[PDB]
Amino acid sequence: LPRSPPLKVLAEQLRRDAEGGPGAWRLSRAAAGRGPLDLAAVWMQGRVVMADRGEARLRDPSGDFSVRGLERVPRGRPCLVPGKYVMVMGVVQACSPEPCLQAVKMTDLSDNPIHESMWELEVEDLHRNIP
């Protein structure tokens, strides 16, 4: 649904660097010597800490984030279980004090330990390569 791509981000980036509001979110890059990065959809990853109906709380190394609308997403290997490591493609609803996403997808990344160990590096590498 979203026009812009699902940017890889850590919770801290939304929590600390996001500006604007609904329909006009910006990631500040002033420190990195670059202009604002517009964002609507994101790719985030984390451990499921809590799940109740189509809502979940997830944890990446930088902090927690909430996900809603999970009853609507494609049904891969079930992963709405505390302890599972998962990816979410979501539309940003809120950034601070806790980032909140409306889910497009949530899928399991628990089988392969490399995903969790690579994620922080993936976010850094991607952000190094956006003008």
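One-based numbering along the sequence shown.
As recorded in the PDB entry, 16-24 is the stretch of 104-112 and 16-24 with the greater mean C-alpha temperature factor. Judged by mean Cα B factor in the deposited record, 25-33 ranks above the other of 40-48 and 25-33. Remark: of 58, 92, 80, 89, 80 shows the highest value [criterion: C-alpha B-factor in the PDB entry].
Sort the chain's modelled residues by C-alpha temperature factor and residue 7 lands in the lowest third, per the entry. Among the modelled residues of its chain, residue 130 has a C-alpha B-factor that falls in the middle third, as given in the PDB entry.
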